[PDB]
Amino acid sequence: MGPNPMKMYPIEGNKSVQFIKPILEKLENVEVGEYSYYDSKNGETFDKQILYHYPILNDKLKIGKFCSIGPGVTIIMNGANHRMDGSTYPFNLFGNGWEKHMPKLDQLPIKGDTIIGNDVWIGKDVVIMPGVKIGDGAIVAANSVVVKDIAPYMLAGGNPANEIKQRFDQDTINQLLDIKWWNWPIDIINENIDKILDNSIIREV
């Protein structure tokens, strides 16, 4: 029961809402969660929202299951960082003799992989910078610029985004993180969708 997570467009007669996993499974250094979707801004597929991702750099992008991603969201990978131990001007880029000054792989600054947990909600037009980690259950307010990691089930926003408030009490959150319902076989998930939606899934255990 439910949609088919392998369909590019699960909603029939709708080419705005798309399932990410299908779109990005041909990609290298990219992992996506089963039911995570993207609500297109101008009909663009989400692969076009991932900027500066070069396999050479080998930075990997991970997105968990059941993620609600708003339109315009932009994931900036490590491709666009400039060498900064000195002048940030890319001489090597203009040839005519400057090609020799090509940077060395271990000379480019790499901030790590971008990892997004499960059940995360990302508002529209959010910009996620490199090497950022967003824990499960997090909610990132629209038009935010995520520069540092976000703790699970935290409400974060602004530019630079900051943790505004905890979604639930420490306890509940610990429970939830431990429970990990997004990691259940669909049959079960399908049966408690309501409790998952009202957070009582905890109490039945």
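In this text, residue numbers run from 1 along the sequence as written. Superpose the two forms; the largest set of C-alphas matching within 1.5 Å is the rigid core.
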*Fit on the core, then compare CA atoms: does 115 to 123 or 99 to 107 lie farther from this form in 7 other deposited structures of this protein?*
99 to 107
*Per the PDB record, is the mean Cα temperature factor higher over 68 to 76 or over 81 to 89?*
81 to 89
*Comparing 98 to 106 with 119 to 127, which has the greater mean CA B-factor as deposited?*
98 to 106
*For the listed residues 42, 144, 36, 49, which one has the largest C-alpha B-factor as given in the deposited model?*
42
_Which of 53, 148, 180, 62 ranks first by CA B-factor in the deposited coordinates_ = 180
*Please rank the C-alpha B-factors of the chain's modelled residues and tell me whether residue 170 sits in the lowest, middle or highest third.*
highest
_For the chain shown, is the CA B-factor of residue 155 in the lowest, middle or highest third of its modelled residues?_
lowest
*Ranked by Cα temperature factor within the chain, is residue 27 in the lowest third, the middle third or the highest third?*
highest
*Sorting the chain's CA B-factors, does residue 164 end up in the lowest, middle or highest third?*
highest
